[PDB]
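K.L.:
Contents of start_35.cif (mmCIF, C-alpha atoms):
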```
data_entry
loop_
_atom_site.group_PDB
_atom_site.id
_atom_site.type_symbol
_atom_site.label_atom_id
_atom_site.label_comp_id
_atom_site.auth_asym_id
_atom_site.auth_seq_id
_atom_site.Cartn_x
_atom_site.Cartn_y
_atom_site.Cartn_z
ATOM 1 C CA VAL A 1 7.150 -31.457 6.542
ATOM 2 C CA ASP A 2 10.062 -29.274 5.396
ATOM 3 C CA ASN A 3 11.233 -28.974 9.007
ATOM 4 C CA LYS A 4 9.951 -27.962 12.454
ATOM 5 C CA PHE A 5 9.564 -24.567 10.794
ATOM 6 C CA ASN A 6 6.469 -25.825 8.974
ATOM 7 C CA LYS A 7 4.598 -24.441 11.977
ATOM 8 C CA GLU A 8 6.890 -21.403 12.208
ATOM 9 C CA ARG A 9 6.732 -20.723 8.471
ATOM 10 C CA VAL A 10 2.942 -20.297 8.310
ATOM 11 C CA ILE A 11 3.175 -17.667 11.053
ATOM 12 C CA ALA A 12 5.705 -15.804 8.894
ATOM 13 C CA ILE A 13 3.529 -16.179 5.832
ATOM 14 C CA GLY A 14 0.700 -14.867 7.956
ATOM 15 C CA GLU A 15 2.944 -12.079 9.144
ATOM 16 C CA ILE A 16 3.782 -11.125 5.553
ATOM 17 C CA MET A 17 0.068 -11.251 4.782
ATOM 18 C CA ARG A 18 -0.581 -9.173 7.942
ATOM 19 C CA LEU A 19 1.610 -6.334 6.658
ATOM 20 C CA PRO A 20 -0.756 -3.897 4.871
ATOM 21 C CA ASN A 21 2.256 -1.998 3.482
ATOM 22 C CA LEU A 22 3.671 -4.929 1.489
ATOM 23 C CA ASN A 23 2.785 -5.472 -2.143
ATOM 24 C CA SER A 24 0.958 -8.705 -3.059
ATOM 25 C CA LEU A 25 3.898 -9.614 -5.253
ATOM 26 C CA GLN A 26 6.278 -8.412 -2.524
ATOM 27 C CA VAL A 27 4.434 -10.709 -0.182
ATOM 28 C CA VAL A 28 4.799 -13.524 -2.647
ATOM 29 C CA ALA A 29 8.487 -12.521 -2.695
ATOM 30 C CA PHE A 30 8.732 -13.245 0.997
ATOM 31 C CA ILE A 31 6.493 -16.336 0.777
ATOM 32 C CA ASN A 32 8.669 -17.631 -2.073
ATOM 33 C CA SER A 33 11.705 -17.074 0.157
ATOM 34 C CA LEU A 34 10.112 -19.117 2.951
ATOM 35 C CA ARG A 35 9.947 -21.821 0.299
ATOM 36 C CA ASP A 36 13.602 -21.099 -0.501
ATOM 37 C CA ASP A 37 14.500 -21.148 3.200
ATOM 38 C CA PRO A 38 11.931 -22.200 5.819
ATOM 39 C CA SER A 39 14.583 -21.853 8.521
ATOM 40 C CA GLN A 40 14.957 -18.192 7.655
ATOM 41 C CA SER A 41 11.231 -17.758 7.030
ATOM 42 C CA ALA A 42 11.542 -15.256 9.845
ATOM 43 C CA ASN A 43 14.461 -13.575 8.039
ATOM 44 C CA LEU A 44 12.740 -12.609 4.842
ATOM 45 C CA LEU A 45 9.663 -12.134 6.974
ATOM 46 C CA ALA A 46 11.960 -9.778 8.767
ATOM 47 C CA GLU A 47 12.666 -8.271 5.366
ATOM 48 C CA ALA A 48 8.908 -8.144 4.891
ATOM 49 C CA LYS A 49 8.135 -6.411 8.134
ATOM 50 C CA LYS A 50 11.063 -4.185 7.184
ATOM 51 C CA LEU A 51 9.596 -3.686 3.705
ATOM 52 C CA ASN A 52 6.287 -3.052 5.280
ATOM 53 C CA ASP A 53 8.134 -0.586 7.404
ATOM 54 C CA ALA A 54 9.865 0.692 4.270
ATOM 55 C CA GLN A 55 6.499 1.390 2.658
ATOM 56 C CA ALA A 56 5.036 2.508 6.001
ATOM 57 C CA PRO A 57 4.653 6.190 6.920
ATOM 58 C CA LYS A 58 7.006 8.232 9.084
ATOM 59 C CA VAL B 1 -4.676 -18.822 19.856
ATOM 60 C CA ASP B 2 -5.241 -15.097 19.278
ATOM 61 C CA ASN B 3 -2.854 -15.277 16.308
ATOM 62 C CA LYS B 4 -4.724 -18.301 14.890
ATOM 63 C CA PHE B 5 -6.068 -16.112 12.080
ATOM 64 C CA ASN B 6 -2.498 -14.955 11.338
ATOM 65 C CA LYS B 7 -1.303 -18.521 11.362
ATOM 66 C CA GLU B 8 -4.177 -19.413 9.101
ATOM 67 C CA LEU B 9 -3.718 -16.236 7.028
ATOM 68 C CA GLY B 10 -0.214 -17.413 6.448
ATOM 69 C CA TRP B 11 -1.258 -20.963 5.876
ATOM 70 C CA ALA B 12 -4.128 -20.404 3.568
ATOM 71 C CA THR B 13 -1.694 -18.155 1.667
ATOM 72 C CA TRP B 14 0.780 -21.060 1.483
ATOM 73 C CA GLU B 15 -1.861 -23.621 0.584
ATOM 74 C CA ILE B 16 -3.004 -21.296 -2.218
ATOM 75 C CA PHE B 17 0.701 -20.794 -3.000
ATOM 76 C CA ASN B 18 1.134 -24.577 -3.205
ATOM 77 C CA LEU B 19 -1.988 -25.208 -5.330
ATOM 78 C CA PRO B 20 -1.000 -27.154 -8.511
ATOM 79 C CA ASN B 21 -3.361 -25.274 -10.911
ATOM 80 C CA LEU B 22 -3.617 -21.603 -9.899
ATOM 81 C CA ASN B 23 -1.859 -18.934 -11.946
ATOM 82 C CA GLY B 24 0.397 -16.204 -10.566
ATOM 83 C CA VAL B 25 -2.606 -13.850 -10.628
ATOM 84 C CA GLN B 26 -5.176 -16.067 -8.883
ATOM 85 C CA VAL B 27 -2.673 -16.979 -6.177
ATOM 86 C CA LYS B 28 -1.705 -13.311 -5.931
ATOM 87 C CA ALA B 29 -5.413 -12.465 -5.786
ATOM 88 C CA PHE B 30 -6.119 -14.943 -3.074
ATOM 89 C CA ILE B 31 -3.175 -13.454 -1.234
ATOM 90 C CA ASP B 32 -4.541 -9.985 -1.928
ATOM 91 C CA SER B 33 -7.915 -11.069 -0.602
ATOM 92 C CA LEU B 34 -6.105 -12.649 2.352
ATOM 93 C CA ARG B 35 -4.332 -9.381 3.233
ATOM 94 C CA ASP B 36 -7.590 -7.473 2.701
ATOM 95 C CA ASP B 37 -9.463 -10.063 4.726
ATOM 96 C CA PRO B 38 -7.424 -12.558 6.764
ATOM 97 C CA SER B 39 -10.500 -14.022 8.439
ATOM 98 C CA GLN B 40 -11.554 -14.915 4.906
ATOM 99 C CA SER B 41 -8.158 -16.593 4.287
ATOM 100 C CA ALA B 42 -9.859 -19.991 4.526
ATOM 101 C CA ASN B 43 -12.421 -18.836 2.022
ATOM 102 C CA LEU B 44 -9.699 -17.632 -0.303
ATOM 103 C CA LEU B 45 -7.970 -20.883 0.150
ATOM 104 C CA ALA B 46 -11.349 -22.386 -0.629
ATOM 105 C CA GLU B 47 -11.647 -20.212 -3.667
ATOM 106 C CA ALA B 48 -8.172 -21.231 -4.588
ATOM 107 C CA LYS B 49 -8.934 -24.907 -4.205
ATOM 108 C CA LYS B 50 -11.954 -24.129 -6.342
ATOM 109 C CA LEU B 51 -9.931 -22.208 -8.886
ATOM 110 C CA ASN B 52 -7.218 -24.821 -8.787
ATOM 111 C CA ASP B 53 -9.781 -27.572 -9.067
ATOM 112 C CA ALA B 54 -11.417 -25.673 -11.912
ATOM 113 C CA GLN B 55 -7.980 -25.399 -13.520
ATOM 114 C CA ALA B 56 -7.285 -29.021 -12.519
ATOM 115 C CA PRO B 57 -8.091 -32.160 -14.556
ATOM 116 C CA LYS B 58 -10.970 -34.592 -14.033
#
```
Mind converting the file's structure to structure tokens?

P.N.:
Amino acid sequence: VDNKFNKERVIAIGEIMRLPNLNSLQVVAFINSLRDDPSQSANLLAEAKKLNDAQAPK
Amino acid sequence: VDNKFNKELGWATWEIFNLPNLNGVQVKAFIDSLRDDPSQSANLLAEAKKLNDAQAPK
């Protein structure tokens, strides 16, 4: 609907939702950004996987 | 595909995200439930549609 990223966006949303390190609100943060930019859904998702990584252990 | 659940986990999250009657908490909860149980994402989406419908007019 929004673009060809409608398909791509859900995967990112799913990816945010996959990250067990992200906060629910943080996840919403990324989801909300997909809304803001479906083209860069992967970008903030990137931020999410990064955030997940940020909250992940080392 | 193998990532169907992820795609759906992301989608159900979005569909719950896009529900016209859920509050920040219920949506966040459905997301929380989604992260906790992605296979249940449809169910959460279901719950959301139920919560949204419950919060929706008739």

K.L.:
For chain B, which residue out of A:15, A:53, A:47, A:37 is the nearest one, using only C-alpha atoms?

P.N.:
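Comparing A:15, A:53, A:47, A:37 against chain B, the winner is A:15.
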
K.L.:
Could you write out as number ranges by chain the residues that the PyMOL selection byres ((chain B) within 12 of (chain A)) matches in the shown file?

P.N.:
B: 1, 3-18, 24-39, 41

K.L.:
In Å to one decimal, how far is atom CA of residue A:50 from atom CA of residue B:48?

P.N.:
28.3 Å

K.L.:
What is the atom CA of residue A:33 to atom CA of residue B:47 distance in Å?

P.N.:
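Computing the Euclidean distance for atom CA of residue A:33 and atom CA of residue B:47 yields 23.9 Å.
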
K.L.:
Between atom CA of residue B:50 and atom CA of residue B:21, what distance in Å does the model show, to one decimal?

P.N.:
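Taking atom CA of residue B:50 as the start and atom CA of residue B:21 as the end point, the length is 9.8 Å.
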
K.L.:
Show me, as AutoDock Vina command-line options, the centre and edge lengths in Å to one decimal of the axis-aligned box that covers every listed atom of stretch 24-34 of chain A with 8 Å on each side.

P.N.:
```
--center_x 6.3 --center_y -13.8 --center_z -1.2 --size_x 26.7 --size_y 26.7 --size_z 24.2
```

K.L.:
Missing atoms in stretch 18-37 of chain A should be modelled up to N, CA, C and O atoms and reported as a tab-separated table (two decimals), keeping the file's coordinate frame.

P.N.:
```
chain	number	residue	atom	x	y	z
A	18	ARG	N	-0.06	-10.14	6.97
A	18	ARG	CA	-0.58	-9.17	7.94
A	18	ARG	C	-0.18	-7.76	7.54
A	18	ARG	O	-0.96	-6.82	7.69
A	19	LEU	N	1.06	-7.63	7.06
A	19	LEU	CA	1.61	-6.33	6.66
A	19	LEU	C	0.78	-5.69	5.56
A	19	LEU	O	0.78	-6.16	4.42
A	20	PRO	N	0.08	-4.62	5.86
A	20	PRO	CA	-0.76	-3.90	4.87
A	20	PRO	C	0.07	-2.97	3.98
A	20	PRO	O	-0.47	-2.34	3.07
A	21	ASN	N	1.38	-2.87	4.26
A	21	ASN	CA	2.26	-2.00	3.48
A	21	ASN	C	2.94	-2.77	2.36
A	21	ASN	O	3.37	-2.18	1.36
A	22	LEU	N	3.04	-4.10	2.51
A	22	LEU	CA	3.67	-4.93	1.49
A	22	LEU	C	2.79	-5.08	0.26
A	22	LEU	O	1.56	-5.11	0.35
A	23	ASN	N	3.46	-5.25	-0.88
A	23	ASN	CA	2.78	-5.47	-2.14
A	23	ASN	C	2.41	-6.95	-2.20
A	23	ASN	O	3.06	-7.77	-1.55
A	24	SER	N	1.38	-7.30	-2.96
A	24	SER	CA	0.96	-8.70	-3.06
A	24	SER	C	2.11	-9.53	-3.61
A	24	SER	O	2.42	-10.61	-3.11
A	25	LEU	N	2.75	-8.98	-4.64
A	25	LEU	CA	3.90	-9.61	-5.25
A	25	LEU	C	5.08	-9.59	-4.30
A	25	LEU	O	5.86	-10.54	-4.24
A	26	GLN	N	5.19	-8.51	-3.51
A	26	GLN	CA	6.28	-8.41	-2.52
A	26	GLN	C	6.09	-9.50	-1.49
A	26	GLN	O	7.04	-10.13	-1.03
A	27	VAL	N	4.83	-9.71	-1.15
A	27	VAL	CA	4.43	-10.71	-0.18
A	27	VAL	C	4.78	-12.08	-0.72
A	27	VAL	O	5.38	-12.89	-0.02
A	28	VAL	N	4.46	-12.29	-1.98
A	28	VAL	CA	4.80	-13.52	-2.65
A	28	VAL	C	6.33	-13.67	-2.63
A	28	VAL	O	6.85	-14.78	-2.54
A	29	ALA	N	7.03	-12.53	-2.71
A	29	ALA	CA	8.49	-12.52	-2.70
A	29	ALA	C	8.99	-13.14	-1.40
A	29	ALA	O	9.90	-13.97	-1.41
A	30	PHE	N	8.37	-12.74	-0.29
A	30	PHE	CA	8.73	-13.24	1.00
A	30	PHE	C	8.26	-14.69	1.14
A	30	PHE	O	9.03	-15.54	1.57
A	31	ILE	N	7.02	-14.97	0.71
A	31	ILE	CA	6.49	-16.34	0.78
A	31	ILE	C	7.40	-17.28	-0.01
A	31	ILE	O	7.78	-18.35	0.47
A	32	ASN	N	7.77	-16.85	-1.21
A	32	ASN	CA	8.67	-17.63	-2.07
A	32	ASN	C	10.02	-17.88	-1.39
A	32	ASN	O	10.66	-18.90	-1.63
A	33	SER	N	10.44	-16.94	-0.53
A	33	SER	CA	11.70	-17.07	0.16
A	33	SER	C	11.56	-18.05	1.31
A	33	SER	O	12.51	-18.74	1.66
A	34	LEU	N	10.34	-18.14	1.88
A	34	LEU	CA	10.11	-19.12	2.95
A	34	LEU	C	10.34	-20.48	2.32
A	34	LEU	O	11.02	-21.34	2.87
A	35	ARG	N	9.79	-20.61	1.11
A	35	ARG	CA	9.95	-21.82	0.30
A	35	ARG	C	11.44	-22.09	0.09
A	35	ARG	O	11.91	-23.21	0.25
A	36	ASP	N	12.16	-21.02	-0.27
A	36	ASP	CA	13.60	-21.10	-0.50
A	36	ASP	C	14.35	-21.46	0.78
A	36	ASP	O	15.33	-22.21	0.75
A	37	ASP	N	13.88	-20.91	1.90
A	37	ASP	CA	14.50	-21.15	3.20
A	37	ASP	C	13.47	-21.04	4.31
A	37	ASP	O	13.17	-19.95	4.81
```
